[PDB]
């Protein structure tokens, strides 16, 4: 092979598991030895293209915050709370709307004080529910609001005891835009195990945090690559609410190439 050695390093520099890494080159060389002619230059673009088609239809990416309720659940320490912040500061100080807050984060000591004083800065309300009875109660209390940002308890979502618990408190229906927050820092094998666990709970988009601490993004590719949905936002720093962006398939696939 020739300009392929060049592309074999690319797929290697990225995360991308083996199954894929190898399968991509298969696809490249096939539709290449028959299609046109590869250059030392156009290898990547052709490379990026093929990859991009392994993800979900680009329409499944960049779904804006539309529905009323905006919930966020995920791994412990990835960016759940600090993100709702970044989002809220947008749905108010930018798209000018009636903003509210609700939290399910009980389990941890003084865990609430955080968002508690996060709202105190956005002059928005806040409710803390320990039972769905209270959560729905909370939904009425904000009825007149455009967007109600929900927060959740950080939990090791492997043990099933916790996906039940989540579906217990929150209802999940018509007016809810769920988001699964994951850190681009997590190992693929890990993420894949929990993603399968949220199979029993609806989810609109992906939120991958800490892309700036990452070293590669292939671990993120593999997750999306084998999923129905794409990614909503992607935090990229601590600074609130600046450090946070949004991306599209090919655009992502473009950060991916190490």
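Positions refer to the first chain, counted from 1.
As the entry records it, the average C-alpha temperature factor is higher for 125-133, out of 183-191 and 125-133. Stretches compared: 32-40, 211-219. Higher mean C-alpha B-factor in the entry: 32-40. Highest C-alpha temperature factor among 84, 78, 153, 115, as the PDB entry reports it: 115. The deposited CA B-factor of residue 233 belongs to the lowest third of values across its chain.
In the PDB entry, residue 157 places in the lowest third of its chain by CA B-factor. When all modelled residues of the chain are sorted by CA temperature factor, residue 20 is found within the middle third. Among the modelled residues of its chain, residue 69 has a C-alpha B-factor that falls in the highest third, as given in the PDB entry. Per the deposited record, the Cα B-factor of residue 239 falls in the lowest third when ranked against the other modelled residues of its chain.
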